[PDB]
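Everything below concerns the one structure shown next.
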């Protein structure tokens, strides 16, 4: 029952922030390709006192796309992921996944 | 709130006993029990005819370990047992003749029969364990096919097959028909269905088996969003490549890389569970299951040290937080102001959940039982009903609870397993009293654990086994039973499943040995039960309890459930079916017999009546008639309990409370009188090394003066003894004077003044503050001084009395200086005199004997010291006095002893060194004050008129007049018993703990783990098909299933998306109706006696009757109705430690009053002795007195209420009453003897239980010198009725008075308490060959007789004593629980007076501990195991199988022996079995009466095998640290009840010590807190 309180605690601590870029991320349709996700997600990392880890998996897909998972060192922690044939596109996909994921926790 | 008890584990055993039978059961414990006790029952016939009981299985021959079958058989089947090992050479010599039960393979028994050493005529019982396996079937195919049906049916041993519950098999039903038919054809037995399944099928109302279809799920935006993010997570997880050679890539971890687990398996299981819950139940249930999986996964993060597992589990927890966010936002999307979250669950729920809610709403007392196959579904379902009941006022009246199948492994996590088991017991407790009507179970609640009667069972999952389906069907036991199965295009599959399972019910329930009454037959019973009047023992009373035909079977069931029993003794009525053809009409007849625990052992015979249920109702009607005719059922028809039983009134008046009684009461809180001389002669002086004083030994016999006793009453002669002063051991004799002295008043006054001077100023044994008066009605004993005559005698020293009278105020006074100047010295004056000082202590002087005159010592001589040079200088410095004449020699003195008691019979001479030489507490102070050596000066000291030798004779009399005032009450008790009796004339340790734990854990292993393997094979196997072919009955399956299909679509099972003469004539179709009109007449009913008269006339008019046999009804009746079957179905020894040495009641002087006064002196005063030596045996007499008497007054009354009678008569309140009516209370001494305060020279508050502590001790007073028998007459003096009463008049026998005759009354009645009548044999003779059967039951008991050392004159009490409570075949006598009941008290005396009479002389605490260690059920169990009495006894109970199985696993791993209960000793004295303990005790009843009340015979027989271990307990006697802590504070240190703290996790235990305080200790559990409290008490006290 302590982890129900931990789920509620994580929901509250990621719905308690009042940053402008988080409000912009919730407002902006993140399916748009004009938004950088790597640089914006690094800015969000520097803003929200956690550290983004781009753990780049050495094992690619069976179809041949390089894989990389990101870690958002919050309390509790979060892990997102992405894939793509080059490192930049896969990291952009993983950052977009983590940014829409934060768009879930910034939804009120 | 009650249930009708059915014959479970009774019809199975009866059908397994009568005909060749096949039993299919779930647990492997119950099948092995039924096989084991069937071997036990058939071994009675295997013993006489020289036959072999066999056990065929596949677990045999696997290892040299004793498998479960061998160890269970060598404990419980109290027989000779052998099991084949895989690699033995099979000795053919005597292993099949010297072993009752042999456990062989089918191949092993086949090859044994092939060698023709053992024949098929020489085997009695064949039992085939798990023969439904196809491998076992092919094993036993040649065994049957070549030997068994070629053998004649007269040469056939009885065949019982065991099978797994093959009904649960997932094959087609034509395969099941081929199974039943082929296995009946091969194994040659009827298949009796025989399980919990079929008793809950037959004997409970079969539910309407409902299918409820549910619609497929509709989706909304939240549902596709959740499914999309989880499908993305499965895309990543199945996309993720796992390889130990890629994550790590180390070649030196080749065996270690395999042990690293896959970090995707738990994500796959978790999100697959969430995916199927999204698919079938809904996003609400999925969010709850995701919350549960987060609660699991955050701990699963903590457990792992690997990195990739950690980031993947963090990713899964990330996904769970995502799902919680979407679902909580969507539920808060609809959570407006006043919006109903009930409807928010309603819209998002799947139609499966809403259809379950409709099933719940159709049930507006409820008992709902909902199953599932997964635990997390159970938890989320529980939370659905909780959130619904907290939001829906319609379902607000619903209380629900869930239970999971998560019994953890105890070898890894035992504490969490204990938590889950405690939680399980708690919720089963909260469910079984109907606090919460809705329970959600899992597969663990299908078998094993029972539930009460339910009215609705809902299966969420349609099961793959029939055992789960029909157990769910059976759990709805109440009459409105509804078996709802939910499904969500699967309607056709569920319809096929229902038709298949109802087909299994059809060919399983009808394939029985008992069957049901059909519904039209039930309606026939309804119209038939009104044809007879209600049997009433009180027909005049309108509101009397009545027995009709219909409720009679329920009353007989309740009477059979009401007999006293444990959890595993199970007693049921036994009715047997017989059809009789009469005038061409088939009229079934029902016989009925009660169990043996009820004394009605004879069969009760019904009459033939045309239907089954009416004949059963007549059997129950005549059974209730015979029940009230004997007296087991009262007028109110309630069967007799232990509390409600009342014995005969001549034994009930002792329980009446006293008027004072009716701390709680009764709880633990001039005449020539007799003259005698006291002659003292030294016989053993003090040794020279023991004489620390270094002085001359003074015997008392050199003294010219001694003492004499002058008594008005006659002094009886007593045994000689000695006195042990500082001088040594002195023999004491009481010399009788040859002449009688007259009395004079002035000499009486002088003698009384001498006594006052002796008791106040000489011996000081009459201390002050009290008064004295030398004229008492109670005795007139005087003590006189005498001087030895020159002729050799002793004459009264009247001159000494005159000197004492003239010197009554002798005190040390200041002698003047002129008188000391004029004082000379005489050595004869100071030869053997007593000196006191007058320079110091004038008010309280000290008295010293004269030891040595020293002419070399003088006042001019040197004082022993440098501060005082001379004695004169010492005196003039310390006291300022001048010694006048200093030329005289000094004086050596000897101090008096500081201890008054000197006898304590025959242990003071070695107790002189115990405490420092009479304990000398003033010696150290006076040697510090007066500088060690007490060399005195005779002119400055005074001389007493009392001589020093007479003083040494006078100090050995401590107890003088309080002794005489006390030792008349005991002689008065002696006079009363001699008046009413005839005898007597009227005028390391941690290593030990860890070894015990490892042996217990590794040796249990035949316990609930077998229940967990049953739980494993519950929903997994359902296997072992044999053969199926194209037979035409397959088409007989296909139509009927379709017919069953047309039931389900039409019976409401599938729910879519929406004249009294006429009944008397039919009552007796073979009886003419004009006779019935003659008997009826003005009346309106036919009585039972009318039916007896009609059947008696039919037997008279038609003398040839017939019988036929069917049913599950037992052949355990036999004899009374069967075996003969000749046309009757209408009506009925050294003298050491010798108990038996009763001395003669003619010519005996009777008891000495010293032993009675020992019974009157307690341990509270503790004046050398105590009552606890006698009462420790005395309490054990009362049972041995009362119970044996209660064996003879109520011979046909069972022990379950005689135990209540014994507990009422042996009770401490009862002995309080019995001691108070004799008014003994002023007779004990409960005050400390001390003359200042509580002695009157010529009261005591006494506790309740302490009065009892005298009274039982009183019979101990008559234990030895009176023997037992006249001791019985002492409770005839009490009124404890133990001996039979004969009422007579004055016989006038001048030879002697009758031993036990009382005083005559006003009607001159004379009561004689004669001998105990010898009991009748319990061998009832309803059959004319009960002696022949008793001879036919016990072949091998001569080995039992040579093992003990006793040969029985009669096997009647032995055969009863060898017979279980639930052993209904042994119908001749009762069970072994009536010879337990008196044998325990008889062996309790044998052990107790063995422990009391031995010359080691243990303490009262030591004797109590030796009793409580030497008497328990475990020690009789131990000597039962060790000396081979796992070889003779008979038994019939279910779980005794596994209990006593694991018991001899414990014993034989240890090697029988003792040490486990020798640890249980002080590990529990500071109950795994019962029966085999009391088995060894049960024979102690039989030899109590086979030897005709000879305790010496029993002890002599059992001594040769008891002697080394009672010697070992006589090596373990000398005291204990726990016994230390209980001799300091036995009652004072009391450990209080624990109290919970505010944290709710800690427990505090407070121990209170009186006059010291309360000490509290805290701890996590109760034992640690109690230990902390004990350590705090030890730290404050020690």
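Numbering starts at 1 and runs along the chain as it is shown here.
Method on record in the header is electron microscopy, 3.9 Å.
Including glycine, each Cβ sits where the backbone N, Cα and C put it.
Annotated in Swiss-Prot:
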{"type": "BINDING", "residues": "B:25, B:26, B:27, B:28, B:29, B:30, B:31, B:32", "note": "ATP binding site"}
{"type": "BINDING", "residues": "B:1175, B:1253, B:1256", "note": "Mg(2+) 1 binding site"}
{"type": "BINDING", "residues": "B:1179, B:1256, B:1380, B:1478, B:1481", "note": "Mg(2+) 2 binding site"}
{"type": "DOMAIN", "residues": "B:552-647", "note": "domain 'Dicer dsRNA-binding fold'"}
{"type": "DOMAIN", "residues": "B:799-945", "note": "domain 'PAZ'"}
{"type": "REGION", "residues": "B:369-479", "note": "region 'Essential for miRNA substrate recognition'"}
{"type": "SITE", "residues": "B:1474", "note": "site 'Important for activity'"}
*asked:* Please compute the Cα distance from residue B:1470 to residue B:1471 in Å; 6 residues between them have no coordinates.
replied: 15
*Could you tell me how many residues in the domain 'PAZ' (B:799-945) are helical, how many are strand and how many are coil under DSSP?*
34 helix, 24 strand, 89 coil
*Separation of alpha carbons, residue B:1253 (Mg(2+) 1 binding site) and residue B:32 (ATP binding site) (Å)*: 51
_Summarise the domain 'Dicer dsRNA-binding fold' (B:552-647) as counts of helix, strand and coil residues per DSSP._
29 helix, 23 strand, 44 coil
_Reduced DSSP assignment, residue B:1474 (site 'Important for activity')_ = coil
*If one measures from the C-alpha of residue B:27 (ATP binding site) to the C-alpha of residue B:1175 (Mg(2+) 1 binding site), what distance in angstrom results, rounded to a whole number?*
51
*Measure the gap spanned by 20 unmodelled residues: take the Cα of residue B:669 and the Cα of residue B:670 and state their separation in Å as a whole number.*
50
*Based on Cα distances to residue B:30 (ATP binding site), point out the closest of the binding-site residues B:1179, B:1253, B:1481.*
B:1481
_Fewest-neighbour residue among recorded positions, criterion Cβ within 10 Å, set B:27, B:28, B:31, B:1474_ = B:1474
_So if I measure Cβ to Cβ from residue B:1478 (Mg(2+) 2 binding site) and keep only same-chain residues at least 6 apart in sequence, which ones fall under 8 Å?_
B:1376, B:1377, B:1380, B:1384, B:1417, B:1420
*Including all protein chains shown, what's the count of other C-beta atoms within 10 A of the C-beta of residue B:26 (ATP binding site)?*
21
_Shortest C-alpha distance to residue B:29 (ATP binding site) - which of the binding-site residues B:1175, B:1179, B:1253_ = B:1179
*Going by C-alpha positions, which of the binding-site residues (B:26, B:31, B:1179, B:1481) is nearest residue B:1256 (Mg(2+) 1 binding site)?*
B:1179
*Per DSSP, how many helix, strand and coil residues does the region 'Essential for miRNA substrate recognition' (B:369-479) have?*
47 helix, 13 strand, 51 coil
*Do you see any of the binding-site residues B:25, B:26, B:28, B:31, B:1253 whose C-alpha is within 10 Å of residue B:1179 (Mg(2+) 2 binding site), and which ones?*
B:1253
*Determine the minimum-neighbour residue: among B:32, B:1179, B:1253, B:1256, listed as binding-site residues, which Cβ has the fewest other Cβ atoms within 10 angstroms?*
B:1179
*Just going by other Cβ atoms within 10 Å, which of the binding-site residues B:1175, B:1380, B:1481 has the emptiest spot?*
B:1380
*Measuring CA to CA, name the entry from the binding-site residues B:25, B:26, B:28, B:31, B:1253 that ends up nearest residue B:1481 (Mg(2+) 2 binding site).*
B:1253
_Using Cβ atoms only, which residues of the same chain lie under 8 Å from residue B:25 (ATP binding site) while being at least 6 residues apart in sequence?_
B:12, B:31, B:34, B:162, B:165, B:194, B:195
